[PDB]
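Fold and geometry: a report
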Amino acid sequence: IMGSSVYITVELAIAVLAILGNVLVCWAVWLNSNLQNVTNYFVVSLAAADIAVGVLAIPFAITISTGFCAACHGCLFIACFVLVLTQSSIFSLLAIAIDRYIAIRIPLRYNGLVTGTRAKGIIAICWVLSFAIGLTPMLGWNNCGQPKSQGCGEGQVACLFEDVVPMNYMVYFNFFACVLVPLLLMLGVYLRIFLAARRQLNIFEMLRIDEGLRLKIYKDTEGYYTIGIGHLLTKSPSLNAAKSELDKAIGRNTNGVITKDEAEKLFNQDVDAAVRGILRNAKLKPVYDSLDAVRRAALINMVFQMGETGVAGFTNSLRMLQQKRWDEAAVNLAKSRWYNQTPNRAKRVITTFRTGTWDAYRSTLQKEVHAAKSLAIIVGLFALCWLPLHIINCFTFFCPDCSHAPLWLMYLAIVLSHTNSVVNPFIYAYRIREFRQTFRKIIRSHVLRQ
Ligand SMILES: Cc1c(C#N)cccc1-c1cc(-c2cn(Cc3cccc(C(C)(C)O)n3)nn2)nc(N)n1
Ligand SMILES: CC(C)CCC[C@@H](C)[C@H]1CC[C@H]2[C@H]3CC=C4C[C@@H](O)CC[C@]4(C)[C@H]3CC[C@]12C
Ligand SMILES: CCCCCCCC/C=C/CCCCCCCC(=O)OC[C@H](O)CO
Ligand SMILES: CCCCCCCC/C=C\CCCCCCCC(=O)OC[C@H](O)CO
Ligand SMILES: CCCCCCCC/C=C\CCCCCCCC(=O)O
Ligand SMILES: CCCCCCCC/C=C\CCCCCCCC(=O)O
Ligand SMILES: CCCCCCCC/C=C\CCCCCCCC(=O)O
Ligand SMILES: CCCCCCCC/C=C\CCCCCCCC(=O)O
Ligand SMILES: CCCCCCCC/C=C\CCCCCCCC(=O)O
Ligand SMILES: CCCCCCCC/C=C\CCCCCCCC(=O)O
Ligand SMILES: CCCCCCCC/C=C\CCCCCCCC(=O)O
Ligand SMILES: CCCCCCCC/C=C\CCCCCCCC(=O)O
Ligand SMILES: CCCCCCCC/C=C\CCCCCCCC(=O)O
Ligand code: NA
């Protein structure tokens, strides 16, 4: 068996798996409305680039592995086309990372800023930028436009990737600026996502989950100006009047904007007032005195939502809370009008009473980042599959007199880069239930017919 035949077979097998697997990804998104979110718009765009890897880029790499004679501009397209697909993948991976950070940073206002129309515009722009970046050698930055391989006739060059694509482009422009910098930005974004889910939980973070945190002055449900965690500023219909109240409480001219620490200090003063009002109430003080620090925060949470008078009306639940009958107090509180009006917030507060822990709010944070862990794996696989080729290009560039990397390492690094166009659909099937369920439906019904 020829050594070339095993390289062709492996490349064609990767191409088939890249097409079939990523067609299934787009097919699943088109079929399942539950998969038609903005995050999957970039997943589809990422899959579209991987489909093109198996249809064009991999056949292109096979032809230029021979170094045949061809025109300069025509040879550059065959060599630089995969640079367009890889750049579009980087933009799609960077967009997914930023999208998931917005999802955990402003989880209540995520859908107002992140829209489908905006995503399609970003995708269309990034594809234009990917062609400009990937096909930069065709616009002049090439090595076949200067008079001087030999044995091909003039106007024709030996179509080898390292012969026609400049190495300083492959290292400075492509690797350092267009690959390494986005990969490091994606690393910091995902790190920042994971740290926010691992944040310390307290009364400030609990109410931030229940009532939101806003550092800019906004209008509440009643049209009144608010800041921080539900801190009413004024009933007046003047933002200037609200800013004057905000500046009087912060101690600095804010122009309606405050820092997170100032919102925490403002919220801390609101807790002190709610605690002062609880202690002066003869119904609430005995219960509050008996509760632990966490369960006291759940009682303050109720006061912030309904008021001391409204909480004092829970005569039966308050006595069972004071008697440390957590499970009995949970059943009683669940049968209240407060539970029916806002069950999600009530269930989190009731769970706090049962356990005395922050588990209900920790689980809220963990649910917001579970998708980010799977999508972060895809970025690491992209880095793992492409960095060997980049590092070698650096060795050839910065050590010209060095011995070039051996042929088997070239074949391995190039094939490993093509393999990355296969791994993503497997990740979706293994870690995303909605993708896995649609994959099974398409396969069992549309493909296998039964
Ligand atoms: C494109 C790219 C990106 C992107 N986008 C990012 C980093 C690096 C690269 C990249 C790619 C190729 C390449 C060469 N070939 C044809 C080929 C196939 C098999 C064997 C051979 C031999 C005989 C060894 O020359 N040649 N296919 N890709 N070569 C180099 N230095 N870098
Ligand atoms: C540590 C990482 C994140 C940043 C450093 C960039 C790395 C990837 C680049 C920058 C400089 C590069 C070169 C530094 C110097 C050497 C020596 C030279 O005989 C060949 C390559 C080689 C080995 C390069 C290796 C890769 C290289 C180290
Ligand atoms: C994250 C995914 C991990 C899975 C990916 C693992 C690494 C990629 C597989 C390489 C095997 C094929 C590499 C060898 C290339 C073909 C064999 C060859 O080199 O033949 C050329 C011959 O020497 C001259 O014609
Ligand atoms: C024609 C387009 C559709 C062709 C599809 C057949 C070709 C499969 C190719 C690549 C695998 C794709 C990535 C792996 C997806 C597997 C999903 C799956 O089967 O998961 C269900 C299983 O029951 C879990 O337990
Ligand atoms: C190899 C290139 C051709 C294969 C890639 C493109 C085909 C797969 C694309 C996505 C499948 C689901 C989207 C198709 C939309 C069909 C439109 C319609 O039927 O109304
Ligand atoms: C999955 C669809 C794409 C596959 C079909 C495209 C055909 C394959 C492309 C060219 C393979 C053979 C041409 C180059 C021969 C290389 C000669 C050599 O190995 O030295
Ligand atoms: C699924 C179908 C995929 C088709 C892949 C086609 C592969 C084409 C590979 C290179 C063929 C030569 C193209 C460049 C020649 C132009 C330069 C010249 O004429 O000198
Ligand atoms: C799925 C179908 C994809 C459509 C494109 C098919 C493959 C195109 C391959 C590259 C052609 C462009 C490279 C050289 C162009 C000049 C060649 C010439 O003019 O004869
Ligand atoms: C232009 C290339 C650089 C952009 C790469 C990706 C950056 C955007 C990432 C996706 C964010 C998700 C959609 C949010 C829409 C942005 C809101 C707006 O238009 O200001
Ligand atoms: C000679 C080389 C010719 C290069 C042609 C490429 C120029 C067109 C730019 C990108 C085409 C891919 C379309 C992707 C945008 C559709 C995504 C969307 O808006 O939903
Ligand atoms: C068209 C959208 C915006 C495009 C800007 C980014 C794409 C890259 C554009 C061209 C880069 C050219 C870099 C010039 C390097 C020196 C030229 C040379 O030495 O030959
Ligand atoms: C995706 C983000 C892309 C950012 C592109 C802008 C950054 C470009 C930075 C410089 C790269 C090239 C540095 C030296 C130019 C080559 C010198 C020459 O040969 O003329
Ligand atoms: C250095 C360039 C960038 C390298 C890739 C950057 C993306 C890293 C993203 C997250 C890594 C994978 C996260 C999966 C969690 C598994 C637990 C673990 O092993 O750490
Ligand atoms: Na890709």
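Sequence order sets the numbers: each chain starts from 1, possibly unlike the entry numbering, and residues with no coordinates are not included. To read the labels, note that chains go from A and ligands from 1, taken in the order they are written. Note: side-chain values were computed over all heavy atoms of the structure, leaving out hydrogens and water. Residues with missing side-chain atoms are left out of burial classes, side-chain pairs and their counts.

Focus: the site of ligand 12
Whether a residue is near a molecule or strand is decided by its heavy atoms; if any one of them lies within 4 Å of it, the residue is near. As a structural note, the neighbourhood of ligand 12 is formed by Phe91, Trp141, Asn168, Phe173, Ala177 and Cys178. We define a polar contact as two N or O atoms separated by no more than 3.5 Å, with the added condition that, inside protein, one atom must be a possible hydrogen donor and the other a possible acceptor, whereas residues neighbouring each other in sequence contribute only through side-chain atom pairs. A distance of 3.0 Å separates an oxygen atom of ligand 12 from a polar side-chain atom of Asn168. Per-residue and other accessible areas were derived by the Shrake-Rupley procedure at a 1.4 Å probe size, with only the shown protein chains allowed to occlude residues. In the complex, 44% of the free accessible area of ligand 12, which totals 590 Å², lies under the protein chains. Ranked by the residues each element gives to the shell around ligand 12, the list is headed by helix 7 (residues 167-197), at 4 residues. For this scheme, ten residues count as nonpolar: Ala, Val, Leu, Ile, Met, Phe, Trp, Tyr, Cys and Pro. Four count as charged, namely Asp, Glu, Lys and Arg, and the remainder, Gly too, count as polar. Counted by class, the shell around ligand 12 contains 5 nonpolar, 1 polar and no charged residues. Elements are defined by DSSP. Helices are runs of H or I of four residues or more, strands are runs of E of two residues or more, and each kind is numbered from the N terminus.

Details of the packing of helix 7 against helix 18 (residues 359-398)
Fitted lines through C-alpha atoms serve as axes, helices being fitted only where they are in contact, and the angles separating the N-to-C directions of these axes extend from 0 to 180 degrees. In the contact formed by helix 7 and helix 18, the axes pass within 9 Å of each other and the chain directions differ by 160°. One way to sum up the angle between helix 7 and helix 18 is to call them roughly antiparallel. The interaxial crossing formed by helix 7 with helix 18 has left-handed handedness. Residues that form the contact of helix 7 with helix 18 fall into these classes: 26 nonpolar, 4 polar and 2 charged. Just so you know how the angles are binned, under 35 degrees is roughly parallel, over 145 roughly antiparallel, 65 to 115 roughly perpendicular, and the rest oblique. Crossing chirality is assigned from the near helix's rotation relative to the far helix, an anticlockwise turn below a right angle marking it left-handed and a clockwise turn marking it right-handed.

Some remarks on the site of ligand 13
As a matter of local geometry, ligand 13 sits amid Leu183, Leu184, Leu187, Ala376, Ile377, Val379 and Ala383. Alone, ligand 13 offers 580 Å² of accessible surface; in the complex the protein occludes 52% of this. Residue assignment for the shell around ligand 13 shows that the elements contributing at least two residues are helix 7 and helix 18. It is helix 18 that provides the largest number of residues to the shell around ligand 13, a total of 4 residues.

Focus: unusual backbone geometry
Positive phi, normally seen in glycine, also occurs at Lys324, with a value near 60°. With respect to the secondary-structure elements, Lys324 resides in the loop between helix 14 (315-322) and helix 15 (326-334). You will see that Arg449, though not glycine, has its phi angle at about 65°, which is positive. Of note, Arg449 is situated in the segment after helix 20 (433-447). Look at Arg449 and you get exposed, because its relative accessible area is 64%. Relative accessible area decides the class of each residue, using a 1.4 Å probe on protein chains only: under 20% of the type maximum gives buried, over 50% gives exposed, and in between gives partly exposed.

Some details on the UniProt feature "binding site: adenosine" in the protein chain
UniProt positions are given in the numbering used here, feature names are shortened, and annotations may be inferred rather than shown by experiment. As annotated in UniProt, the feature "binding site: adenosine" corresponds to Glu162, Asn393, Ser417 and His418 in the numbering used here. Positionally, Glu162 belongs in helix 6 (residues 161-164). By relative accessible area, which is 31% here, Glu162 ends up partly exposed. Here, residues are in contact when the closest pair of their heavy atoms is within 4.5 Å. Ignoring sequence-local partners within four residues, the contact set of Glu162 consists of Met167, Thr396, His404 and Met410. Residue placement: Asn393 occurs in helix 18. Sequence-distant contacts of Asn393, defined by excluding residues within four places in its chain, comprise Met167, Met170 and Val171.

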